[PDB]
Amino acid sequence: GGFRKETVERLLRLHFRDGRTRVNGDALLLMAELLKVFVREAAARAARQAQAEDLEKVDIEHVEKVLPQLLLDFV
Amino acid sequence: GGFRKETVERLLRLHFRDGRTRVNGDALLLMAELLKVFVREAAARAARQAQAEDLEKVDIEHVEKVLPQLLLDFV
Amino acid sequence: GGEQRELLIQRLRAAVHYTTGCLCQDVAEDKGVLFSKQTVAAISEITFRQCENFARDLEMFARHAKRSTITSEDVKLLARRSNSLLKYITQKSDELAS
Amino acid sequence: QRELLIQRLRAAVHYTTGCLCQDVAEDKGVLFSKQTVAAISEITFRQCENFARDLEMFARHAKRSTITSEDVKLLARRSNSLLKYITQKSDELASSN
């Protein structure tokens, strides 16, 4: 139904700068949720941008168009 | 050129949601400094875009072109 | 050597690509559109990349509180700028541990 | 009242922005239109809402009602160069004595 705890943990560990850093179990589940929301937002806004153009197929242009606002919204 | 600590403090207080919230002295001075870097970075990037366009004059279009990325690095 | 990290990176990219594919499949049904394989892949790459900022922030938000272990409090702080999202994630969290 | 306060602060930011842009103009050998300076001033004014609310939340995160250099450094965390610059300014201040 979404991202796996182990995938999310590995994803984060990839970027930690401190060898001390750990993540508790519920933070992981919560983060898996947040990552799910972000993918689905990326997808919906790209979709949104496409049928706004009266197109049923979403292309990389639609993705590119909605990208800046999507990222600002997750800052 | 620079922001006065009194201006900076009133700017922040405008938006504080908690009545307890305060700013210490060094933080005010640091924030003034951050606000000034922000302005200069905005101006410099807009100047850089205009020059890339082979222009000696910076217009609002140059500002709006650089804004999304700028907001990406001042988060 | 360094190629271990690179293999780990292609692994994680591929795992994110699969889940992204799954999630995009759902959105394409609700919205009744089609997501080109190129689009799914791009959304996946973006998402993978975005984990760099999430991770950096979680780590620093916890450290800010003098904590080595990231908690649900840190993850909620990630959602602060958005009241609807914060509420969603806040709700998710209380829906979790309970 | 609050609205007059807002117009006061917009005007003060706008004036200070004018000064900074003149510095960048000369240094870079470009001219900034009045509208450009206006636009930058307004962006900066709007940004403060986020800066303020983040700082407040960053301090509350650490259980503090008072915002400190630490919170400000955190605000600069996204750019490595920016974080480096603010940090240095932070360190100069703390060394005040």
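These numbers come from the heavy atoms of this one structure, side chains and all, not from hydrogens, waters or symmetry mates. Order of the sequence lines sets the chain letters (A, B, ...), proteins ahead of strands, with each chain counted from 1.
Contacts of B/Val23 with chain D are made by both backbone and side-chain atoms, with heavy-atom separations under 4.5 Å. The contact between B/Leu71 and chain D is made entirely by side chain atoms (from C-beta outward), counting heavy-atom distances below 4.5 Å. For a residue to count as touching a neighbouring chain, one of its non-hydrogen atoms must lie under 4.5 Å from one of that chain's; by this rule D/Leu82 touches chain B with the side chain only.
The shortest side-chain heavy-atom distance between B/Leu11 and D/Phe51 does not fall under the 4.5 Å cut-off. For the pair D/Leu20/B/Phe38, no side-chain contact is recorded, criterion being any heavy-atom separation below 4.5 Å from C-beta on.
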Pairs of donor and acceptor atoms under 3.5 Å between chain D and chain B, please, with atom names and distances.
{"from": "D/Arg2", "atom 1": "NH1", "to": "B/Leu14", "atom 2": "O", "distance (Å)": "3.2"}
{"from": "D/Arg8", "atom 1": "NH2", "to": "B/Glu6", "atom 2": "OE1", "distance (Å)": "2.8"}
{"from": "D/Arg8", "atom 1": "NH2", "to": "B/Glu6", "atom 2": "OE2", "distance (Å)": "3.1"}
{"from": "D/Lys28", "atom 1": "O", "to": "B/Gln51", "atom 2": "NE2", "distance (Å)": "3.4"}
{"from": "D/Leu31", "atom 1": "N", "to": "B/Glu56", "atom 2": "O", "distance (Å)": "2.8"}
{"from": "D/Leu31", "atom 1": "O", "to": "B/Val58", "atom 2": "N", "distance (Å)": "2.8"}
{"from": "D/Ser33", "atom 1": "N", "to": "B/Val58", "atom 2": "O", "distance (Å)": "3.2"}
{"from": "D/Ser33", "atom 1": "OG", "to": "B/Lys57", "atom 2": "NZ", "distance (Å)": "3.3"}
{"from": "D/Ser33", "atom 1": "OG", "to": "B/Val58", "atom 2": "O", "distance (Å)": "3.4"}
{"from": "D/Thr36", "atom 1": "OG1", "to": "B/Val58", "atom 2": "O", "distance (Å)": "2.7"}
{"from": "D/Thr36", "atom 1": "OG1", "to": "B/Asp59", "atom 2": "O", "distance (Å)": "3.4"}
{"from": "D/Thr36", "atom 1": "OG1", "to": "B/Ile60", "atom 2": "N", "distance (Å)": "3.4"}
{"from": "D/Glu56", "atom 1": "OE1", "to": "B/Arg17", "atom 2": "N", "distance (Å)": "2.8"}
{"from": "D/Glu56", "atom 1": "OE2", "to": "B/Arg17", "atom 2": "N", "distance (Å)": "3.2"}
{"from": "D/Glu56", "atom 1": "OE2", "to": "B/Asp18", "atom 2": "N", "distance (Å)": "2.8"}
{"from": "D/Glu56", "atom 1": "OE2", "to": "B/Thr21", "atom 2": "OG1", "distance (Å)": "2.4"}
{"from": "D/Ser65", "atom 1": "O", "to": "B/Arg22", "atom 2": "N", "distance (Å)": "3.1"}
{"from": "D/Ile67", "atom 1": "N", "to": "B/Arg22", "atom 2": "O", "distance (Å)": "2.8"}
{"from": "D/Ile67", "atom 1": "O", "to": "B/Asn24", "atom 2": "N", "distance (Å)": "2.9"}
{"from": "D/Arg78", "atom 1": "NH1", "to": "B/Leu72", "atom 2": "O", "distance (Å)": "3.0"}
{"from": "D/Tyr85", "atom 1": "OH", "to": "B/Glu33", "atom 2": "OE2", "distance (Å)": "3.1"}

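Interface check for chain D: of the options B/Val8, B/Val63, B/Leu28, the most heavy-atom pairs under 4.5 Å are formed by B/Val63. The candidate with the highest count of non-hydrogen atom pairs below 4.5 Å against chain D, out of B/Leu30, B/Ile60, B/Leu72, is B/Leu30. The choice from D/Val30, D/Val37, D/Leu55, D/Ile6 that makes the most heavy-atom pairs within less than 4.5 Å of chain B is D/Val30. Interface check for chain D: of the options B/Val37, B/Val39, B/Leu12, B/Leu70, the most heavy-atom pairs under 4.5 Å are formed by B/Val39. Heavy-atom pairs under 4.5 Å with chain B were tallied for D/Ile43, D/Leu31, D/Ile86, D/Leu5; the largest tally goes to D/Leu31.
For B/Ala43 against D/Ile40, the heavy-atom pair with the smallest separation is CA-CD1, 4.0 Å. Summarising the geometry of B/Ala47 relative to D/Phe32, their closest heavy-atom pair is CB-CZ, 4.1 Å, with the distance given to 0.1 Å.
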